[PDB]
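Peer 1: Sequence isn't available, so here's the structure alone:
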Ligand SMILES: *CCC(=O)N1Cc2nc(-c3cccc(/C=C/c4ncc(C5CC5)o4)c3)n(-c3ccncc3)c2C1
């Protein structure tokens, strides 16, 4: 289900990366009663962020550990949690980091099938969260992880729900009132697709966070990337509608993006293809 990692169960090695939230460390975790060495990534979360007590956090982590059964190949599994002064999250180690970095470092080699199938997998896993009523809140190309170039997963789901900010990914009702629903993640999915279609480009590049709220009221959304056909941009702009119910569901996106993958040369225009 989810182990409670004692400080002496896991080891730390290189810092895979460090952000505002805290740090992510590559390392070796050995379970309570086993001789197996496990390659893990330890998300060190910064102290004094959650008003909730460590017990209130732990029980809530066990509720979010239910999503790991039956599970989905495009949703991550929390291998275990450690609760000292900070919250350290332990999962299996993705060697190929996140999709945002991947689509940046391999921009020229990335094809139309690779791109459209990534949208497919992400929608499949995002739908799986909607099946368990877990609202992600923070869906971005940096939160999509790569296990293999042909297999992606979603991480950091409900971590805001666990402890309580990307304004460019958030929908208007989240920017203004912080109301997160499964339909809000469709807007964030829309931003995520645009990110893949722009090989890691910053959403609303340069435009200050304070402007974004009032800038979206003026009707302006993300600009259409040159690789997307009009049929793909209708899906991205569908997700960016004002009404939450006007945006599509993750079930609809699974069918549409797989239908689109049944002739990618008709939906994505690039070199090599
Ligand atoms: C481009 C690289 C990048 O930005 N990332 C982001 C990131 N996060 C993680 C990672 C590491 C350890 C644990 C977790 C998440 C745990 C989690 N999320 C939700 C929940 C439960 C429901 C409450 O637990 C994320 N990695 C990462 C993962 C694996 N190996 C390396 C790096 C990256 C890459």
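Peer 2: Cool, got the structure. Numbers count the residues shown, from 1 in each chain.
Peer 1: Only C-alpha atoms from now on, for both contacts and neighbour counts.
Peer 2: Fine.
Peer 1: and residue 89, how many residues sit next to it?
Peer 2: The number of residues packed near residue 89 is 20, by other CA atoms under 10 Å.
Peer 1: what's the helix or strand for it?
Peer 2: Using DSSP states H and E, residue 89 falls within strand 87-92.
Peer 1: give the contact list for residue 77.
Peer 2: Going by CA atoms under 8 Å, 6 or more residues apart in numbering, residue 77 touches 65, 68, 91-92.
Peer 1: Residue numbers of the stretch 101-250 of the chain in contact with the ligand?
Peer 2: 101, 142-143, 155-159 (CA under 6 Å from any ligand atom).
Peer 1: make it 5 Å
Peer 2: Residues of the stretch 101-250 of the chain lying close to the ligand (CA under 5 Å from any ligand atom) are 101, 142, 155-157.
Peer 1: Kindly indicate which of the residues you listed lies nearest the ligand.
Peer 2: For those, the closest approach to the ligand (CA to the nearest ligand atom) belongs to residue 156, at 3.2 Å.
Peer 1: Any idea how many residues pack against the closest residue to the closest one other than its chain neighbours?
Peer 2: Nearest in space to residue 156, with sequence neighbours left out and distances taken as CA to CA, 6 or more residues apart in numbering, is residue 143 at 6.6 Å. Using other CA under 10 Å, residue 143 is surrounded by 18 other residues.
Peer 1: now do the one 4 residues further on
Peer 2: A count of neighbours around residue 147, defined by other CA under 10 Å, yields 18.
Peer 1: residue contacts, it?
Peer 2: 94-96, 153.
Peer 1: just residue 4 next, same as before
Peer 2: 80-82.
Peer 1: In strands, which of those residues fall?
Peer 2: 80-82 (DSSP state E).
Peer 1: Out of these, grab the one that's most surrounded.
Peer 2: Ranked by the number of neighbours (other CA under 10 Å), the ones in strands among the contacts of residue 4 place residue 80 first, at 23 neighbours.
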